[PDB]
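Protein chains in written order, with the entry's author numbering: chain A, 1028 to 1079; chain B, 30 to 49; chain C, 292 to 388; chain D, 99 to 146; chain E, 11 to 195; chain F, 10 to 33, 39 to 817; chain G, 371 to 441; chain H, 730 to 777; chain I, 11 to 174.
Yeah, the Cβ is synthetic: ideal placement off N, Cα and C, and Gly gets one too.
All remarks here apply to the structure that follows.
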Amino acid sequence: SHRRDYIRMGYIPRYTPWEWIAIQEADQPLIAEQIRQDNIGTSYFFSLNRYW
Amino acid sequence: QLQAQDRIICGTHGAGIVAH
Amino acid sequence: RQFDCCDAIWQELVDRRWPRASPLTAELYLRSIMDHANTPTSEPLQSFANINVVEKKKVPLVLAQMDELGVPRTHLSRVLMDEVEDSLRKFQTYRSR
Amino acid sequence: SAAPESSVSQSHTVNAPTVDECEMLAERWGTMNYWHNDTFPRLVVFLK
Amino acid sequence: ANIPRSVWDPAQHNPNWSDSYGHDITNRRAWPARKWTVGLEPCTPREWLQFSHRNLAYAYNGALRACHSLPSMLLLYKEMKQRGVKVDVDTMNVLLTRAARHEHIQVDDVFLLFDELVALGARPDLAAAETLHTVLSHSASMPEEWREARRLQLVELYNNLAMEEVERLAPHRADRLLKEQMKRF
Amino acid sequence: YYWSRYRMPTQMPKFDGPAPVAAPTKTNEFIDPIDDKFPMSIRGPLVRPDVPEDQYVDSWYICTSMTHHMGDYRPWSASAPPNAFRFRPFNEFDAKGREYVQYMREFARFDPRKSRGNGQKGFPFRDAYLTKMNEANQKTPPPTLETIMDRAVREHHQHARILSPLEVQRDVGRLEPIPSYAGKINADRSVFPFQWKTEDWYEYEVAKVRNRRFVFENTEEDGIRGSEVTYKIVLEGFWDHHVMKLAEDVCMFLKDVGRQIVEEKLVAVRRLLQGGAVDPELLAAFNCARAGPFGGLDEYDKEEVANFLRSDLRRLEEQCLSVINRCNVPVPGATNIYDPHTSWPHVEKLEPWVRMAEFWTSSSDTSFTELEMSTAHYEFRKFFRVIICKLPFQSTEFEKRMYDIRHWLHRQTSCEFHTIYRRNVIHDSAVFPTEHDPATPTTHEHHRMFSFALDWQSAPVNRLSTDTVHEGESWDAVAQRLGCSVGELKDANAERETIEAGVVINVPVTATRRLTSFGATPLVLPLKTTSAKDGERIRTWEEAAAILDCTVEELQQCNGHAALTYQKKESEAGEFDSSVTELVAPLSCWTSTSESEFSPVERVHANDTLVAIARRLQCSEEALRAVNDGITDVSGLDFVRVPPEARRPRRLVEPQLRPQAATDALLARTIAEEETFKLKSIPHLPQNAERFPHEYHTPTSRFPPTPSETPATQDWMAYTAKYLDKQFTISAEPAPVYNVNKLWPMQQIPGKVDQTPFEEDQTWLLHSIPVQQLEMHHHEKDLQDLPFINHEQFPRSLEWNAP
Amino acid sequence: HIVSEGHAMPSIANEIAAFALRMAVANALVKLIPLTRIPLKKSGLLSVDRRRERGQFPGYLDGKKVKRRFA
Amino acid sequence: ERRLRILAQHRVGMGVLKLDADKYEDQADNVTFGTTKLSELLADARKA
Amino acid sequence: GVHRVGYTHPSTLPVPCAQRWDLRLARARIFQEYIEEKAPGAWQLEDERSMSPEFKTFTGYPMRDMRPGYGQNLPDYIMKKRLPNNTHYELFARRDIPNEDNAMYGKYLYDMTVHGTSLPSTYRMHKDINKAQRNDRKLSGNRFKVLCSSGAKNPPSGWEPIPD
């Protein structure tokens, strides 16, 4: 953000800066199913049937 | 193994290359 | 204000699992991460939107780890729970939605 | 300011035998290299 | 914990992290290909296909022949040895003939040069043997013991040359040519 | 205005002095006149600066090549290592030699036990391995007689040994040193040259192709290989340089993030290594076994548990240190990210998806020849790069930082996340026990088409965990009935100190004789009232429904016959039919018992003498004799009764099979309609359809047809004995007592007459084998319309893998 | 020893494949012994011919080199 | 091990049993089906 | 040759083992398979074109099954066929429509949101502009065609068209 000689002077960064990384990461939410935590065993009987 | 690393890098606002 | 070291200690505790992390311990870690989330940066990092708000994204991870560790969710203070629900509604979209 | 974490593993660098370690030396576990290392073998002092 | 400490903490500064403007300039340079006068350094795969250390010996032989003075020949030989290119019968003979012709050079120096050439790999031949024989015959001032010691080397070299000649002429059944060569030997 | 963006005007270049005067064949605008007129012997046959093609990209819509780094031309030496012979990465060998010495070294250091982990990497050098397996190469001929004599007469008689071609000084210019491999490289037919059997080659090739994904990526080996979780980021874009630069950026980002995560894990694990405590849960986990390897209960203490934990932590620490070192290795001076040793995460390649569309260009509606001659080829390209990360631990923080890079990916680039993580699964005999085979074995008839749904339920089959105790029972009696220890049954109950008649108890989960729900014996409701309602027969259907505790509709569906013959008056009066012999209960009300679910008898083998039977049934020999009338030997007896106290009985039928009453309740209406319409039989063929076999050919038969069998065509001995002389002493060839599979690759249904692939050529073309006439249909390729119309849903690589 | 790469066929008993084998053997011999390069290069053993069969094109009647009927 | 190899012809390779559960769209249900089938195969292989 | 395949029971064997047919039946129990009884034992053919490394089209897998009579009507094909749900046909039946803007979102909603009101297509705008440019010069060529002629035939009470 302090780079005055940007775009106009032909400066285009090769690596996306950490500030922009954090901004883009913080803009969107996280899917709660990506944690894939598992503590109890698999349900052999009811899990496949479930509800229609 | 830079010499006087604490004073030059971690102690000086110019990192030893800025003439204040 | 050593939230990185606080996170390191929390990870050490969740790797140990014998000290049996208390609701108070979980509340302290959550409050620390939320304070770090609300801490602003300097102007060069503040030219765009504030970047410390990303720290609230770690809250669902901590909640899942509390579920694994057996720390009750309701034992948290309601004042903390309001902000926890705020961060959840900001970074905890389900797959169905 | 925090110095970077040391890249040297202490699980394979045997340190000098402290006077405090001698009391629990009879009640402590160690690998064969720990017992018979070139510098300060611990089995010798455990027998002594 | 989002932005890693290793990018903003000066304690974890990388001691040997070069700047962005240095390495590119370092690799952009194209140094001159005339490191040595006789040959050109190859910069392209086609030039590398054409380039060979053995082939440089031919150009060095030509330049050595074009040289008119023994000091210039010695300088060119020093350049060739520093480059490490192959040394062969042609350069050995053209150097030995001028060393023998030159009078300011002690007769031991030419023998030392021949020994170092044969150590570098240039196989001896009959012309070089004749040149060394002439120098030995014109080495009166040197000790008789030195002359005898080098005579033993010369005669064993001639025997080796005769063995090589008979080996290379046996399959082709050129009895007359083999006898003619052995008459000279 | 959205068009306000497309408004900026440009300015023409500024000329100086006069205009370029032309020269005072059609004048072609594209060709530069003076440059083309310039001689090639001076200007060189170059249209571009002599720079490696890696820096040049073929442009779009312009018939010229462009450069991604505009005007910044790196010389050839930039890519090559400093002072490289012929700009090679290694000046020792060329590309093909460098590739082949790898195979030679791998075969030199090969060990077959090391291939259990990897996939294609486990396969050794094909040529060397196959020529070693070839048994005709171990017999290396000695040097031949003439060569031996020539060498002898040259070395001894003629005093001049025959020099090998390597040591011959053929350089007339100079003497070359004798190479170390002049004659000391031993010659053996088993090592070189390679000669292998065709079948071995075929098997090796097909096995190598098939074993593509059979690689255990996450192992405990120390080094680059060996991790807890593996992540593969397959990033795809339109241009090779685009994906290369994106891969470099993502590699840098992942390097920093992974370094911070691994250093946090290290500073967390060093605390545990310094000191810690073992939890009672961990102690119980270590001491939960009923019997250790030493034949008895094992008592792991705090010290041993801590030692195991510390060993695991030491291994994890060394892996983390290796990861940190590999992360710190890359430097701006020399950054190589295509090898795992000097980079983390290392970046690998993948074959780009290239699809050539071939289409007409002319608009003519008459000339097919012109349309075909106007054909043009244009291809779509999708280039991908794969980034491989191998974390020695599973951390949700790294996944959070990794999944959130699609937000800031570069222009026109997508990403796929492959995750291979170790996960603990539980296998228990409680729901998947290891029992004996059923007394009546299932045949091919249970595995016909639609049998996956008609007569099979999804595993695991339920087994009752609750039981009802009878009046004549005790703790030991119920333990014997359920095949469990009385003490463990009492512990499972945990609340009943005494057992009373008609009490429901919980079956222990480890019992070996647990009953299966819905036993195979149907339940029939007797007509007798067994009450004071009528005294002779149940009258209404509501009475039977009340007795059986089931719905009237289900009662109607279970049998149907009562509904069909129901003698009901239309003036609101329903009565049971007097011709109803019995009333059957619905499947839902069925009950199961050990006597009706376990086989009371079992068949013995040839080599059984009252000991193997007891071992198999887990009963005592005395009990076996008591229940079989004290028989000393079972040589002459094939069926032996099983004592009720046996701890491992034999089941009548397979529990996973579906009872037929379920299908009856399914198609209840069909049975009722068949009874109403008196469907005795429905013929499917005419009277003499068997006269012409090829005429009908129902849509299930397959060619070639099998001719009717003959008695004595099995072997020449039997054929001669039966059809030739009738005096041959031996009936047939000596048949081994075991089973012989004539068609070894194919498992044919036993007891079925079938042929074998024909040994003779004549029968192959003289049999009733048809030929392809209509279009060829594949079970899956039919979605892809044709070889020309290749329908691809996604532009993924043809060599792409799904882990 | 010869290892076939590219398009593999059951029988390669053809002059083109024989030429390829000859070139491979000559290159291997040159790599093994340096001075062998001169006779082979002067006899053209090492030289590579860039000729290849014309690629398929459906506009042609056969697909390679013959046009369609004209009236 | 031999009985398991016979039961799973192509599902095993280089000593690494592999099952690609593709039955359900949801990976959560597919992993349940895969674990169930793996346990069933292991139970049937344990007859030895 | 023609023969009946025997089956020696392990009990009847001198030493019992696990028969291959028993193991195959266990395999069919494990994975729900189909045992084709009418499958001949003499038609086991390997697709050498795609199973032998000799050919340039070698791939290692049996891409096609050598069966000239194998069509699509038969239930053997039907059982192992792949349904078109969620496939490239599913992609094509939704992505490929005349108006990709309408594919992304409703044109009326998009116009009402970003612009003021619904905007007509470029073709309709061309029609309206041509009518505007041609009505000024003359009014003879045009006619009156409308979807509902009821309003034109029975105009409201206070509808008096202006004479021209």
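Q) Within this structure, are the beta carbons of residue 25 of chain I and residue 723 of chain F separated by less than 7 Å? A) no
Assuming the contact rule is C-beta atoms closer than 8 Å, residue 632 of chain F and residue 662 of chain F should be a hit. Round their C-beta distance to whole Å, please. 4 Å
### Straight-line Cα distance separating residue 765 of chain F from residue 456 of chain F
15 Å
DSSP on residue 260 of chain I, reduced to helix/strand/coil?
A question about residue 260 of chain I goes unanswered here, because the residues of chain I that appear run from 11 up to 174.
Backbone CA spacing between residue 682 of chain F and residue 572 of chain F [nearest angstrom] | 7 Å
Chain A contact residues for residue 35 of chain E, given Cβ-Cβ distances below 7 Å: Here the premise fails: no neighbours, minimum Cβ distance about 16 Å.
Notebook entry, point to check: Taking DSSP as the reference, what is the three-state secondary structure of residue 79 of chain F?
Noted result: strand
- Closest Cα partner of residue 105 of chain E within the set E/134, E/93 and E/94: E/134
Please say whether residue 235 of chain F and residue 428 of chain F have beta carbons closer to each other than 7 Å?
no
* Counting only runs that start and end within the segment 300-351 of chain F, where is the alpha helix (DSSP H) found for 4 or more residues in a row? -> 316-342
Anticipated Cβ contact below 8 Å, residue 522 of chain F with residue 498 of chain F, distance rounded:
5 Å
- Hey, does residue 455 of chain F have any beta-carbon neighbour from chain A nearer than 7 Å? no
Does the pairing of the segment 128-137 of chain D with the segment 45-56 of chain E give three or more beta-carbon distances under 8 Å? no
Where the segment 15-29 of chain I meets chain H: residues whose CB sits under 9 Å from a CB there
28
Worksheet item: By Cβ distance below 8 Å, which residues in the same chain neighbour residue 38 of chain B in space, the five residues on each side in sequence not counted?
Response: 31, 44 and 45
Under 9 Å Cβ-Cβ, which residues of chain G neighbour residue 56 of chain I?
-> Chain G residues near residue 56 of chain I: none, gap ~15 Å exceeds 9 Å.
Are there three or more Cβ pairs, one per stretch, closer than 8 Å when the segment 590-603 of chain F is compared with the segment 531-545 of chain F?
yes
Residue 428 of chain F - DSSP class collapsed to helix/strand/coil
strand
Next item on the list: Could you work out which residue in C/367, C/301, C/311 and C/292 is closest to residue 283 of chain F when comparing CA atoms only?
Entry: C/301
DSSP state of residue 431 of chain G mapped onto helix, strand, coil: coil
>> Please identify the residue among F/796, F/131, F/212 and F/136 whose C-alpha is closest to the C-alpha of residue 123 of chain F.
In response: F/136
* Proximal residues to residue 676 of chain F (C-beta, below 7 Å), its chain only, five neighbours per side dropped -> 601
>> Does the contact criterion of 3 or more C-beta pairs under 8 Å hold for the segment 370-380 of chain C versus the segment 344-351 of chain C?
In response: yes
So, using beta-carbon positions, are residue 383 of chain C and residue 1059 of chain A closer together than 7 Å? yes
* To do: Rounded to whole angstroms, what's the CA-CA distance from residue 120 of chain E to residue 138 of chain E? Just pull it up for me.
  => 11 Å
Worksheet entry | residue 65 of chain F vs residue 87 of chain F beta-carbon contact at 7 Å | yes
In the structure shown, what three-state DSSP assignment does residue 152 of chain I receive?
coil
Suppose you measure from the CA of residue 369 of chain C to the CA of residue 361 of chain C; what does that come to, to the nearest Å? 19 Å
**Request:** Return the first residue and the last residue of the alpha helix (DSSP H) that residue 1048 of chain A is part of.
**Result:** 1045-1054
Does the count of Cβ pairs from the segment 507-523 of chain F and the segment 473-487 of chain F closer than 8 Å reach three?
yes
| field | DSSP beta-bridge partners of residue 373 of chain F | value | F/390
**OP:** Output yes if chain F places a C-beta closer than 7 Å to the C-beta of residue 1052 of chain A; else output no.
**Re:** yes
Can you round the beta-carbon distance between residue 132 of chain E and residue 188 of chain F to whole angstroms, since I take them to be within the 8 Å contact cut? 5 Å
- Query: Quick one, which residues of the segment 395-411 of chain F are near chain L if we go by CB-CB under 8 Å, in chain order?
  - Reply: In summary, chain L is missing from the structure at hand, where the protein chains are A, B, C, D, E, F, G, H and I.
Same chain, Cβ closer than 7 Å to residue 754 of chain F, neighbours up to 5 away in sequence not counted: none
Check: For residue 34 of chain F, which residues of its own chain have a beta-carbon under 6 Å away from its beta-carbon, when the five flanking residues on both sides are left out?
Finding: Position 33 is followed directly by 39 in chain F, which means residue 34 of chain F is not present among the coordinates.
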